[PDB]
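The data below hold one chain only, encoded as structure tokens and taken in the form deposited in one PDB entry.
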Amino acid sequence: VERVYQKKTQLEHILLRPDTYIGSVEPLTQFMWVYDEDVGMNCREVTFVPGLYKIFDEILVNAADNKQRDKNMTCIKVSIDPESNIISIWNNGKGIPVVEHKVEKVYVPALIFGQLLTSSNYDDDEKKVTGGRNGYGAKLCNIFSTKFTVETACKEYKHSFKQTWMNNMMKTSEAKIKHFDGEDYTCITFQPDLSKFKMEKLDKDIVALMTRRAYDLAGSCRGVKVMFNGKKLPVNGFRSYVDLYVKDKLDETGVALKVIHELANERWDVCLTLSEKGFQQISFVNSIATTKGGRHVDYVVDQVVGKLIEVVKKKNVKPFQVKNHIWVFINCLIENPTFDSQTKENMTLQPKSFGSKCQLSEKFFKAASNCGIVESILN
């Protein structure tokens, strides 16, 4: 009875059932986009552990989210040392208040990095476009790290704070609190617990995925510069990011891909071209990589599929056949987005709730008509 029927603590449950929190802790092999030291941006077969990619992603999106707390933020700095097994993500703009929380009686940084279900994103009356929603991400990286360090400096509270966790968030010690006068920042430094992922080292494949995610951020997070291992990424907006995929590329007819672009408004940036590999989508919601898509992709793609069916009808086909020929790129800001998992690969919020619209122009639909999709359908 006592061995059959068991209760678990929340902390036990995360280590026993990591998949619902961070994705699979087993290897996956699949074709995907990565940023390699030899070829840069390329689609190749990759072997990696999603859980390890995800704990990195949780800290990267948290940096991107600071651009919403402080629009004066200009910089995110990512560093990965496979030899030392140390990852750091640094951001400027406002730091975290270095002060005792009057309800929980702990330093605010210790509360929100060292206790589960803690967030500044729990009040949905504020209609934020942060990626953060659930109050898990940072603690999940902590739990899946042999060492996890939080360094934040907050001019307002005129202190700096540095606290270190170890052994899967099971050990800490007193925060170092100091006088601070200067330029706000937060720096998260962690050594991922590679034993949790049955890995010996951050190999080339995981480093290539984490590097690409740093490019995604440069493309997705408006007005923020990104450095990777001390070097500025040469991406200055979503259009330059999309170029990394399509600028140097030919259809299998030997004609350059025709890339169509519309910034419908501040919250919706769309590129479209021809796919010869079936439906492809590269999408971001609040700087989250929505790698399974969701309602934002369908909302944009249905408008295009609509207008392209018309054009084809009127020069001599079914939605799924048109979509088969679409490569779409979407950078969007959604108020209070919803997802079916902590991993946020699929965004489930209905379009009427987005807080904005993407009504693509007749100009955009005319250009879509010319980009080679119509011709393939006809052919």
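Rigid core: the largest C-alpha set superposing within 1.5 Å between the two forms. Numbering starts at 1 and runs along the sequence shown.
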> Are coordinates for residue 314 absent from at least a third of the other PDB entries that model its neighbours?
Replying inline: yes
> Per the entry, where is the mean C-alpha temperature factor higher: 200 to 208 or 176 to 184?
Replying inline: 176 to 184
> Quick one: higher average CA temperature factor, 251 to 259 or 186 to 194?
Replying inline: 251 to 259
> Looking at 337, 351, 51, 319, which has the highest Cα B-factor in the entry?
Replying inline: 319
> Which of these, 213, 133, 77, 159, has its C-alpha atom at the highest B-factor, as the entry lists it?
Replying inline: 159
> For residue 326, does the deposited CA B-factor place it in the lowest, middle or highest third of the chain?
Replying inline: middle
>> Based on the deposited C-alpha B factors for this chain, I'd like to know if residue 70 is in the lowest, middle or highest third.
In response: middle
> For residue 267, does the deposited CA B-factor place it in the lowest, middle or highest third of the chain?
Replying inline: lowest
>> Splitting the chain's C-alpha B-factors into thirds, which one does residue 57 fall into?
In response: lowest
>> Ranking the modelled residues of this chain by C-alpha B-factor as given in the entry, is residue 109 in the lowest, middle or highest third?
In response: middle
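There is also a form deposited in another entry; it is not shown, and the following applies to it.
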> For the set 339, 56, 329, 35, which residue undergoes a C-alpha shift of 2 Å or more between this form and the one not shown, given alignment on the rigid core?
Replying inline: 339
>> What direction does the residue 340-residue 43 Cα distance move in the other entry compared with the shown chain, closer or farther, given a change of 3 Å or more?
In response: closer
